[PDB]
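This is entry.cif (mmCIF, N, CA and C atoms).
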data_structure
loop_
_atom_site.label_atom_id
_atom_site.label_comp_id
_atom_site.auth_asym_id
_atom_site.auth_seq_id
_atom_site.Cartn_x
_atom_site.Cartn_y
_atom_site.Cartn_z
N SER A 24 5.08 5.10 160.76
CA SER A 24 5.28 6.56 160.99
C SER A 24 4.43 7.36 159.99
N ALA A 25 3.10 7.26 160.11
CA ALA A 25 2.10 7.90 159.22
C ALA A 25 1.42 9.06 159.96
N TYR A 26 1.25 10.20 159.27
CA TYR A 26 0.58 11.44 159.77
C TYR A 26 -0.55 11.85 158.81
N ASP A 27 -1.00 10.93 157.95
CA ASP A 27 -2.04 11.15 156.90
C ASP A 27 -1.54 12.21 155.91
N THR A 28 -1.54 13.49 156.30
CA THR A 28 -1.09 14.64 155.47
C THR A 28 -0.86 15.86 156.37
N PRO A 29 0.16 16.71 156.08
CA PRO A 29 0.31 18.00 156.76
C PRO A 29 -0.49 19.11 156.06
N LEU A 30 -0.70 20.23 156.75
CA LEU A 30 -1.48 21.40 156.26
C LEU A 30 -0.82 22.71 156.72
N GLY A 31 -0.78 23.71 155.83
CA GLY A 31 -0.28 25.07 156.12
C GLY A 31 1.20 25.09 156.45
N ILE A 32 1.56 25.66 157.61
CA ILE A 32 2.97 25.92 158.03
C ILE A 32 3.65 24.59 158.41
N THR A 33 2.90 23.64 158.99
CA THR A 33 3.45 22.33 159.46
C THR A 33 3.82 21.44 158.26
N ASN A 34 3.44 21.84 157.03
CA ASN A 34 3.95 21.28 155.75
C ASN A 34 5.16 22.10 155.29
N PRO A 35 6.32 21.49 154.96
CA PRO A 35 6.58 20.06 155.16
C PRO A 35 6.92 19.73 156.62
N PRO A 36 6.88 18.44 157.03
CA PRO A 36 7.14 18.06 158.42
C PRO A 36 8.62 18.25 158.82
N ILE A 37 8.84 18.70 160.06
CA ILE A 37 10.16 19.19 160.57
C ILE A 37 11.17 18.04 160.69
N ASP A 38 10.74 16.86 161.16
CA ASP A 38 11.63 15.69 161.40
C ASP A 38 12.34 15.30 160.09
N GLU A 39 11.62 15.39 158.96
CA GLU A 39 12.15 15.11 157.60
C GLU A 39 13.09 16.23 157.14
N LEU A 40 12.99 17.43 157.73
CA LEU A 40 13.93 18.57 157.47
C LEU A 40 15.19 18.41 158.33
N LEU A 41 15.04 18.04 159.61
CA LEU A 41 16.16 17.88 160.58
C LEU A 41 17.18 16.87 160.06
N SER A 42 16.75 15.89 159.26
CA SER A 42 17.63 14.91 158.56
C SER A 42 18.56 15.63 157.56
N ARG A 43 18.05 16.67 156.88
CA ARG A 43 18.73 17.33 155.73
C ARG A 43 19.86 18.22 156.24
N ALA A 44 19.54 19.19 157.10
CA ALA A 44 20.49 20.16 157.71
C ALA A 44 21.02 19.60 159.03
N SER A 45 22.17 20.10 159.48
CA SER A 45 22.89 19.64 160.70
C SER A 45 21.97 19.72 161.92
N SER A 46 21.37 20.90 162.15
CA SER A 46 20.43 21.18 163.26
C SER A 46 19.39 22.22 162.83
N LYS A 47 18.25 22.23 163.53
CA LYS A 47 17.13 23.20 163.35
C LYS A 47 17.70 24.61 163.18
N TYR A 48 18.71 24.96 163.97
CA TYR A 48 19.36 26.30 164.00
C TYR A 48 20.05 26.57 162.66
N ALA A 49 20.69 25.56 162.07
CA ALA A 49 21.23 25.60 160.70
C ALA A 49 20.05 25.73 159.73
N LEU A 50 19.11 24.77 159.78
CA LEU A 50 17.90 24.67 158.91
C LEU A 50 17.21 26.04 158.79
N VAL A 51 17.10 26.77 159.90
CA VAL A 51 16.53 28.15 159.95
C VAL A 51 17.23 29.00 158.89
N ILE A 52 18.56 29.14 159.00
CA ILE A 52 19.38 30.04 158.13
C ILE A 52 19.37 29.45 156.72
N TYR A 53 19.57 28.13 156.62
CA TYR A 53 19.40 27.30 155.40
C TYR A 53 18.19 27.81 154.61
N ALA A 54 17.01 27.76 155.24
CA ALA A 54 15.71 28.15 154.65
C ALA A 54 15.68 29.66 154.41
N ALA A 55 16.14 30.44 155.39
CA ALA A 55 16.00 31.91 155.45
C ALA A 55 16.78 32.57 154.32
N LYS A 56 18.06 32.22 154.15
CA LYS A 56 18.96 32.80 153.12
C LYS A 56 18.41 32.45 151.73
N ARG A 57 18.05 31.18 151.53
CA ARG A 57 17.37 30.65 150.32
C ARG A 57 16.12 31.49 150.04
N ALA A 58 15.30 31.74 151.08
CA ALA A 58 14.05 32.52 151.01
C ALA A 58 14.35 33.97 150.61
N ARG A 59 15.39 34.56 151.21
CA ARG A 59 15.90 35.92 150.88
C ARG A 59 16.35 35.95 149.41
N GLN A 60 16.97 34.87 148.94
CA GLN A 60 17.39 34.70 147.52
C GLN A 60 16.13 34.68 146.64
N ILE A 61 15.16 33.81 146.96
CA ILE A 61 13.88 33.64 146.21
C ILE A 61 13.16 34.99 146.15
N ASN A 62 13.09 35.69 147.28
CA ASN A 62 12.58 37.09 147.39
C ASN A 62 13.31 37.98 146.38
N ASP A 63 14.64 37.86 146.31
CA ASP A 63 15.53 38.70 145.46
C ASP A 63 15.27 38.39 143.98
N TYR A 64 15.07 37.12 143.62
CA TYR A 64 14.85 36.64 142.23
C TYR A 64 13.74 37.45 141.55
N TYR A 65 12.63 37.69 142.26
CA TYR A 65 11.46 38.48 141.80
C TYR A 65 11.89 39.91 141.44
N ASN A 66 12.87 40.45 142.18
CA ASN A 66 13.46 41.80 141.96
C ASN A 66 14.71 41.67 141.08
N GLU A 74 22.41 37.84 143.84
CA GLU A 74 22.09 36.39 143.78
C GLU A 74 20.64 36.20 143.31
N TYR A 75 20.45 35.63 142.11
CA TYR A 75 19.13 35.41 141.46
C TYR A 75 19.08 33.99 140.88
N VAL A 76 18.88 33.00 141.76
CA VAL A 76 18.77 31.55 141.41
C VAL A 76 17.52 30.97 142.07
N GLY A 77 16.57 30.49 141.27
CA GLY A 77 15.31 29.87 141.72
C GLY A 77 14.08 30.55 141.11
N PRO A 78 12.84 30.18 141.52
CA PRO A 78 12.58 29.02 142.38
C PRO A 78 12.81 27.68 141.66
N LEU A 79 13.35 26.69 142.37
CA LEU A 79 13.75 25.37 141.79
C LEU A 79 12.50 24.50 141.57
N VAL A 80 11.84 24.09 142.66
CA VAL A 80 10.58 23.28 142.61
C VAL A 80 9.45 24.18 142.09
N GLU A 81 8.51 23.60 141.34
CA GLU A 81 7.34 24.31 140.74
C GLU A 81 6.53 24.95 141.87
N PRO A 82 6.54 26.30 142.02
CA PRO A 82 5.88 26.95 143.15
C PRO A 82 4.36 27.02 142.96
N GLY A 83 3.63 27.28 144.06
CA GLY A 83 2.19 27.57 144.05
C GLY A 83 1.89 28.90 143.38
N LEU A 84 0.61 29.17 143.10
CA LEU A 84 0.17 30.37 142.33
C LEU A 84 0.42 31.64 143.15
N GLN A 85 0.09 31.61 144.45
CA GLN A 85 0.19 32.76 145.39
C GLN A 85 1.04 32.35 146.60
N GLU A 86 2.07 31.51 146.39
CA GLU A 86 2.88 30.87 147.46
C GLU A 86 3.99 31.83 147.92
N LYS A 87 4.48 31.63 149.15
CA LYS A 87 5.50 32.49 149.82
C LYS A 87 6.90 31.88 149.66
N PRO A 88 7.97 32.71 149.71
CA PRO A 88 9.34 32.21 149.59
C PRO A 88 9.76 31.21 150.68
N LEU A 89 9.34 31.44 151.93
CA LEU A 89 9.63 30.55 153.09
C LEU A 89 9.11 29.13 152.81
N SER A 90 7.85 29.03 152.36
CA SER A 90 7.18 27.76 151.98
C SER A 90 7.99 27.06 150.88
N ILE A 91 8.40 27.81 149.85
CA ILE A 91 9.20 27.31 148.69
C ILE A 91 10.54 26.78 149.22
N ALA A 92 11.26 27.60 150.00
CA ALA A 92 12.57 27.26 150.61
C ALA A 92 12.44 25.99 151.46
N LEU A 93 11.45 25.95 152.36
CA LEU A 93 11.22 24.83 153.31
C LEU A 93 10.76 23.58 152.55
N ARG A 94 10.03 23.74 151.44
CA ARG A 94 9.69 22.65 150.48
C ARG A 94 10.97 22.12 149.82
N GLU A 95 11.84 23.03 149.36
CA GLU A 95 13.05 22.71 148.56
C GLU A 95 14.02 21.87 149.41
N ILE A 96 14.38 22.34 150.61
CA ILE A 96 15.30 21.62 151.54
C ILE A 96 14.83 20.16 151.71
N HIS A 97 13.51 19.94 151.84
CA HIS A 97 12.88 18.60 151.98
C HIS A 97 13.15 17.75 150.73
N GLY A 98 13.12 18.37 149.55
CA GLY A 98 13.34 17.71 148.24
C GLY A 98 14.81 17.38 147.98
N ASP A 99 15.74 18.00 148.71
CA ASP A 99 17.22 17.86 148.54
C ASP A 99 17.61 18.43 147.17
N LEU A 100 17.25 19.69 146.91
CA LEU A 100 17.66 20.47 145.72
C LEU A 100 18.79 21.44 146.08
N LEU A 101 19.15 21.54 147.37
CA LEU A 101 20.09 22.54 147.93
C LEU A 101 21.20 21.84 148.72
N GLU A 102 22.34 22.52 148.90
CA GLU A 102 23.47 22.08 149.75
C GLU A 102 24.04 23.30 150.49
N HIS A 103 24.54 23.08 151.71
CA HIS A 103 24.95 24.13 152.69
C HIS A 103 26.38 23.87 153.19
N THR A 104 27.08 24.94 153.57
CA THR A 104 28.45 24.93 154.15
C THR A 104 28.41 25.63 155.52
N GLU A 105 28.84 24.93 156.58
CA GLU A 105 28.86 25.45 157.98
C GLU A 105 30.18 26.21 158.21
N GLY A 106 30.09 27.50 158.55
CA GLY A 106 31.24 28.40 158.76
C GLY A 106 32.01 28.05 160.02
N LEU B 399 18.22 67.28 191.81
CA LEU B 399 18.34 67.34 190.32
C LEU B 399 18.86 66.00 189.79
N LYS B 400 18.19 65.44 188.78
CA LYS B 400 18.65 64.25 188.00
C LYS B 400 19.98 64.60 187.31
N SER B 401 21.07 63.99 187.78
CA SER B 401 22.46 64.12 187.25
C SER B 401 22.60 63.35 185.93
N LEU B 402 23.80 63.39 185.34
CA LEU B 402 24.17 62.58 184.15
C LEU B 402 24.25 61.10 184.55
N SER B 403 24.88 60.79 185.69
CA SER B 403 25.04 59.41 186.24
C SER B 403 23.69 58.86 186.71
N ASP B 404 22.75 59.74 187.09
CA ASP B 404 21.37 59.37 187.52
C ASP B 404 20.57 58.83 186.32
N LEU B 405 20.97 59.14 185.08
CA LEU B 405 20.41 58.52 183.85
C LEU B 405 20.68 57.02 183.87
N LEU B 406 21.88 56.61 184.31
CA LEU B 406 22.40 55.22 184.21
C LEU B 406 21.99 54.41 185.45
N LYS B 407 22.12 54.99 186.65
CA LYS B 407 21.85 54.29 187.94
C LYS B 407 20.34 54.18 188.18
N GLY B 408 19.93 53.20 189.00
CA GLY B 408 18.55 53.03 189.50
C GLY B 408 17.74 52.02 188.70
N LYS B 409 16.54 51.68 189.19
CA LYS B 409 15.54 50.82 188.50
C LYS B 409 15.02 51.54 187.25
N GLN B 410 15.02 52.88 187.26
CA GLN B 410 14.64 53.76 186.11
C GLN B 410 15.91 54.18 185.34
N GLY B 411 16.98 53.37 185.41
CA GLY B 411 18.25 53.61 184.71
C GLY B 411 18.17 53.24 183.24
N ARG B 412 19.09 53.76 182.43
CA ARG B 412 19.19 53.50 180.97
C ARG B 412 19.47 52.01 180.75
N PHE B 413 20.51 51.50 181.41
CA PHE B 413 20.94 50.08 181.40
C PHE B 413 19.75 49.16 181.72
N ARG B 414 19.01 49.46 182.79
CA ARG B 414 17.91 48.60 183.30
C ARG B 414 16.63 48.87 182.49
N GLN B 415 15.95 49.99 182.76
CA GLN B 415 14.57 50.29 182.29
C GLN B 415 14.54 50.38 180.77
N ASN B 416 15.34 51.28 180.19
CA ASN B 416 15.25 51.73 178.78
C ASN B 416 16.24 50.95 177.90
N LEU B 417 16.41 49.65 178.15
CA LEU B 417 17.24 48.73 177.32
C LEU B 417 16.75 47.27 177.38
N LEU B 418 16.06 46.85 178.44
CA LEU B 418 15.67 45.43 178.68
C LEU B 418 14.21 45.16 178.28
N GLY B 419 13.32 46.16 178.39
CA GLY B 419 11.91 46.07 177.95
C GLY B 419 11.48 47.31 177.19
N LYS B 420 11.15 47.17 175.90
CA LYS B 420 10.74 48.28 174.99
C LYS B 420 9.35 47.99 174.40
N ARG B 421 8.72 49.03 173.83
CA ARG B 421 7.50 48.92 172.99
C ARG B 421 7.94 48.47 171.59
N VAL B 422 7.07 47.76 170.86
CA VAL B 422 7.40 47.16 169.53
C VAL B 422 6.29 47.45 168.51
N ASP B 423 6.70 47.68 167.26
CA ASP B 423 5.83 47.90 166.08
C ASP B 423 5.54 46.53 165.44
N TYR B 424 4.55 46.47 164.53
CA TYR B 424 4.09 45.23 163.86
C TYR B 424 3.68 44.21 164.92
N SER B 425 2.91 44.68 165.91
CA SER B 425 2.53 43.95 167.14
C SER B 425 1.18 44.45 167.65
N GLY B 426 0.33 43.52 168.10
CA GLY B 426 -0.99 43.80 168.69
C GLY B 426 -1.14 43.14 170.05
N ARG B 427 -2.21 43.47 170.76
CA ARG B 427 -2.66 42.79 172.00
C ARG B 427 -4.17 42.63 171.91
N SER B 428 -4.72 41.54 172.46
CA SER B 428 -6.19 41.36 172.56
C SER B 428 -6.53 40.35 173.65
N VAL B 429 -7.83 40.16 173.89
CA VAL B 429 -8.34 39.13 174.83
C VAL B 429 -8.42 37.81 174.07
N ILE B 430 -8.01 36.72 174.73
CA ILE B 430 -8.00 35.35 174.14
C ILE B 430 -9.34 34.67 174.46
N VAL B 431 -9.85 33.93 173.48
CA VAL B 431 -11.01 33.00 173.60
C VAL B 431 -10.53 31.63 173.11
N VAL B 432 -11.31 30.58 173.33
CA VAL B 432 -10.95 29.20 172.88
C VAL B 432 -11.26 29.11 171.37
N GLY B 433 -10.53 28.27 170.64
CA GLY B 433 -10.69 28.02 169.20
C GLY B 433 -10.58 26.53 168.87
N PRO B 434 -11.48 25.69 169.42
CA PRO B 434 -11.32 24.23 169.33
C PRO B 434 -11.47 23.67 167.91
N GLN B 435 -12.01 24.46 166.98
CA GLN B 435 -12.04 24.16 165.52
C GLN B 435 -10.62 24.20 164.94
N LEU B 436 -9.71 25.00 165.53
CA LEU B 436 -8.36 25.27 164.96
C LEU B 436 -7.45 24.07 165.17
N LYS B 437 -6.57 23.79 164.20
CA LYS B 437 -5.44 22.84 164.34
C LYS B 437 -4.37 23.50 165.22
N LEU B 438 -3.58 22.70 165.95
CA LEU B 438 -2.61 23.16 166.98
C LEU B 438 -1.79 24.34 166.46
N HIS B 439 -1.22 24.21 165.26
CA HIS B 439 -0.33 25.22 164.62
C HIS B 439 -1.11 26.49 164.24
N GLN B 440 -2.41 26.37 163.96
CA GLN B 440 -3.30 27.54 163.67
C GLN B 440 -3.61 28.29 164.97
N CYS B 441 -3.84 29.60 164.87
CA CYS B 441 -4.52 30.44 165.89
C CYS B 441 -5.46 31.42 165.18
N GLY B 442 -6.58 31.76 165.82
CA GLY B 442 -7.59 32.70 165.29
C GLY B 442 -7.23 34.13 165.64
N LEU B 443 -7.23 35.01 164.64
CA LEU B 443 -6.89 36.45 164.78
C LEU B 443 -8.12 37.28 164.45
N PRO B 444 -8.47 38.30 165.27
CA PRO B 444 -9.61 39.17 164.98
C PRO B 444 -9.32 40.01 163.73
N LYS B 445 -10.20 39.88 162.72
CA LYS B 445 -10.01 40.40 161.34
C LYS B 445 -9.68 41.90 161.36
N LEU B 446 -10.34 42.66 162.26
CA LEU B 446 -10.17 44.13 162.42
C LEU B 446 -8.77 44.43 162.97
N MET B 447 -8.21 43.52 163.78
CA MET B 447 -6.79 43.57 164.24
C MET B 447 -5.90 43.17 163.06
N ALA B 448 -6.07 41.94 162.56
CA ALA B 448 -5.29 41.33 161.46
C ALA B 448 -5.07 42.36 160.35
N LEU B 449 -6.16 42.95 159.85
CA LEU B 449 -6.14 43.96 158.75
C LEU B 449 -5.06 45.01 159.02
N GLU B 450 -5.04 45.57 160.24
CA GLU B 450 -4.07 46.64 160.62
C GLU B 450 -2.70 46.00 160.86
N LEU B 451 -2.67 44.81 161.46
CA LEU B 451 -1.44 44.09 161.87
C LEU B 451 -0.61 43.69 160.64
N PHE B 452 -1.24 43.42 159.50
CA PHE B 452 -0.56 43.01 158.23
C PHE B 452 -0.69 44.11 157.16
N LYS B 453 -1.08 45.32 157.56
CA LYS B 453 -1.50 46.44 156.66
C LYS B 453 -0.51 46.60 155.50
N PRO B 454 0.82 46.70 155.75
CA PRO B 454 1.79 46.84 154.66
C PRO B 454 1.87 45.58 153.78
N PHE B 455 1.87 44.39 154.39
CA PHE B 455 1.93 43.09 153.68
C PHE B 455 0.73 42.97 152.74
N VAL B 456 -0.47 43.31 153.23
CA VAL B 456 -1.72 43.26 152.42
C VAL B 456 -1.69 44.39 151.39
N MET B 457 -1.15 45.57 151.74
CA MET B 457 -0.95 46.70 150.79
C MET B 457 -0.06 46.24 149.62
N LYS B 458 1.05 45.56 149.92
CA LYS B 458 2.02 45.04 148.92
C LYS B 458 1.29 44.16 147.90
N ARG B 459 0.52 43.17 148.38
CA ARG B 459 -0.25 42.23 147.53
C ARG B 459 -1.38 42.99 146.81
N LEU B 460 -1.95 44.02 147.45
CA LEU B 460 -3.02 44.87 146.86
C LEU B 460 -2.46 45.75 145.73
N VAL B 461 -1.17 46.10 145.78
CA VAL B 461 -0.45 46.81 144.67
C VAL B 461 0.05 45.78 143.65
N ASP B 462 0.43 44.58 144.10
CA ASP B 462 0.84 43.43 143.24
C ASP B 462 -0.33 43.07 142.32
N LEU B 463 -1.52 42.89 142.90
CA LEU B 463 -2.81 42.73 142.16
C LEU B 463 -3.24 44.11 141.63
N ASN B 464 -4.20 44.13 140.70
CA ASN B 464 -4.76 45.38 140.10
C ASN B 464 -6.03 45.78 140.88
#
Could I get this file's structure written as structure tokens?
Amino acid sequence: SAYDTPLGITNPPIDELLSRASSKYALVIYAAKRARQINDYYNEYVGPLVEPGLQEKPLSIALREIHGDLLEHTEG
Amino acid sequence: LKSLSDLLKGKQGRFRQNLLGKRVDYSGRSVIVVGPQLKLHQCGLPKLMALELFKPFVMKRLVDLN
């Protein structure tokens, strides 16, 4: 199961994210709320956890983080 | 004369026409060409469109930078 390397938005790969959260629909909010938090930190102020890029976006950071298993979620 | 109920009834009704399909901001339209250099997830955007389409986002980073 080799893809050489991902690039841009397709990094990180979705199948490795779907393992982490219950479903893509959860993963969306999972990433989104975290991203809204990361957005807020620059201005709930926790993060960024993983060492971010120089000019990197909160969505990329959030979607990177979920893949790393630095976060945990509760389904309402 | 267009009545009060005539606002709601018809194909030009409030319920039908002016609730199901609207105009949207932060949105463009253009003619499509092929981009076989691009990866599946990538799409090519005309720079003169893009500039206006992301104007506030690029303004934000342009104020973030000096």
What are the DSSP alpha helix (DSSP H) residues of stretch 57-100 of chain A, as a PyMOL selection string?
-> chain A and resi 57-65+88-98
Go ahead and write the residues just picked, N, CA and C atoms, as a short mmCIF file (atom, residue, chain, number, x, y, z; two decimals), in the coordinates of the input.
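This is the output file out_25.cif:
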data_model
loop_
_atom_site.label_atom_id
_atom_site.label_comp_id
_atom_site.auth_asym_id
_atom_site.auth_seq_id
_atom_site.Cartn_x
_atom_site.Cartn_y
_atom_site.Cartn_z
N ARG A 57 18.05 31.18 151.53
CA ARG A 57 17.37 30.65 150.32
C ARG A 57 16.12 31.49 150.04
N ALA A 58 15.30 31.74 151.08
CA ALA A 58 14.05 32.52 151.01
C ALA A 58 14.35 33.97 150.61
N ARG A 59 15.39 34.56 151.21
CA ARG A 59 15.90 35.92 150.88
C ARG A 59 16.35 35.95 149.41
N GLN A 60 16.97 34.87 148.94
CA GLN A 60 17.39 34.70 147.52
C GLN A 60 16.13 34.68 146.64
N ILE A 61 15.16 33.81 146.96
CA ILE A 61 13.88 33.64 146.21
C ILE A 61 13.16 34.99 146.15
N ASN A 62 13.09 35.69 147.28
CA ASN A 62 12.58 37.09 147.39
C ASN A 62 13.31 37.98 146.38
N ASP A 63 14.64 37.86 146.31
CA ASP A 63 15.53 38.70 145.46
C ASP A 63 15.27 38.39 143.98
N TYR A 64 15.07 37.12 143.62
CA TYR A 64 14.85 36.64 142.23
C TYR A 64 13.74 37.45 141.55
N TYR A 65 12.63 37.69 142.26
CA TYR A 65 11.46 38.48 141.80
C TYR A 65 11.89 39.91 141.44
N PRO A 88 7.97 32.71 149.71
CA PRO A 88 9.34 32.21 149.59
C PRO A 88 9.76 31.21 150.68
N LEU A 89 9.34 31.44 151.93
CA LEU A 89 9.63 30.55 153.09
C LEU A 89 9.11 29.13 152.81
N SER A 90 7.85 29.03 152.36
CA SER A 90 7.18 27.76 151.98
C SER A 90 7.99 27.06 150.88
N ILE A 91 8.40 27.81 149.85
CA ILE A 91 9.20 27.31 148.69
C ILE A 91 10.54 26.78 149.22
N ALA A 92 11.26 27.60 150.00
CA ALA A 92 12.57 27.26 150.61
C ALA A 92 12.44 25.99 151.46
N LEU A 93 11.45 25.95 152.36
CA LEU A 93 11.22 24.83 153.31
C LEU A 93 10.76 23.58 152.55
N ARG A 94 10.03 23.74 151.44
CA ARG A 94 9.69 22.65 150.48
C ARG A 94 10.97 22.12 149.82
N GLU A 95 11.84 23.03 149.36
CA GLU A 95 13.05 22.71 148.56
C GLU A 95 14.02 21.87 149.41
N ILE A 96 14.38 22.34 150.61
CA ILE A 96 15.30 21.62 151.54
C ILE A 96 14.83 20.16 151.71
N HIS A 97 13.51 19.94 151.84
CA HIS A 97 12.88 18.60 151.98
C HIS A 97 13.15 17.75 150.73
N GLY A 98 13.12 18.37 149.55
CA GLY A 98 13.34 17.71 148.24
C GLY A 98 14.81 17.38 147.98
#
Surrounding residues of residue A:58 excluding itself and chain neighbours under 4 positions, 8 Å, only C-alpha atoms, as a PyMOL selection string = chain A and resi 54+62+88-89+91-92
Closest atom pairs, chain A residues within 10 Å of chain B, only C-alpha atoms, as a tab-separated table:
residue	atom	partner	partner_atom	distance
A:30	CA	B:437	CA	9.1
A:31	CA	B:440	CA	8.5
A:32	CA	B:439	CA	7.4
A:33	CA	B:439	CA	7.0
A:85	CA	B:459	CA	9.7
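Taking atom CA of residue B:422 and atom CA of residue B:450 as the two end points, the separation is 14.5 Å.
Residues surrounding residue A:40 within 7 Å are residues 50, 96 and 97 of chain A [all atoms listed in the file; sequence separation below 6 positions excluded].
Between atom CA of residue A:102 and atom CA of residue A:57 the separation is 10.5 Å.
The two atoms in question, atom CA of residue A:82 and atom CA of residue A:41, are spaced 22.2 Å apart.
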Name the residues captured by the PyMOL selection byres ((chain A and resi 61) around 8) when it is applied to the shown file; answer as a list in words.
-> residues 55, 56, 57, 58, 59, 60, 62, 63, 64, 65, 66, 74, 75, 76, 77, 78, 79, 87, 88, 89 and 92 of chain A
For residue A:93, the closest of A:48, A:36, A:81, A:105 counting all atoms listed in the file is A:36
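Of the listed residues A:44, A:51, A:29, A:83, the one whose atoms come nearest to residue A:103 is A:44, with distances taken using only N, CA and C atoms.
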